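Next up: a single chain in structure tokens, the form deposited in one PDB entry.
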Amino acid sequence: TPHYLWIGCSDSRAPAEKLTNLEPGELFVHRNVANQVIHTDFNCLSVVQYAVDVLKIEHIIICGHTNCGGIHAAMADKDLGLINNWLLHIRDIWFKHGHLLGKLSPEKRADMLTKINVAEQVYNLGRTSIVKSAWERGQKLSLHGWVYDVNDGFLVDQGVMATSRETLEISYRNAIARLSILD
């Protein structure tokens, strides 16, 4: 029975079981465009609630990745239709950090947004009533935010990692600080 929840992108350029060094059925999996945890998405949140409360999964992983079309279409003007609405949550993140990204060479922005987005989604995840509740009642649970680089097939931990609400705040804020200030 599964011990992990993988929240990944529908691009699914990796096999989650390879990257996690797991076999299938250990992994409970949700996937959407640009691996989002939206506060009021019933679909993702159901997944999380069932995993956390019913299955007692101890580890949730948001894995983002490079050369993601959601990330690219988020940065692009183009009216693509309904998917724009879903990607507007990422555009909001794009402008939230517009100073960092402006300072950036246009060609390194997608890589950077991919990262920022993973951090932000782990932050959304750790603020859900589900996860906070699990923590308050002593349930063991850890959130993780990874990025797969499609161009060299490597994972990178993004230093975003929470086992409580205080630890969420500490590593989120520190992650954004590095991303914002470091070269």
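The term rigid core refers to the maximal set of C-alpha atoms that superpose within 1.5 Å between the two forms. Position 1 is the first residue in the sequence shown; the rest follow in order.
Below, we refer to the form deposited in another entry, which is not included among the displayed structures.
- Once the core is superposed between this form and the one not shown, every option in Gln49, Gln36, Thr128, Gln158 stays below 2 Å in C-alpha shift except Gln158.
- In that other deposited form, the separation between the C-alpha atoms of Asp157 and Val52 grows by 3 Å or more relative to the displayed form.
- A change of 3 Å or more separates the two forms for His99 and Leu155: their C-alpha atoms lie closer together in that other deposited form.
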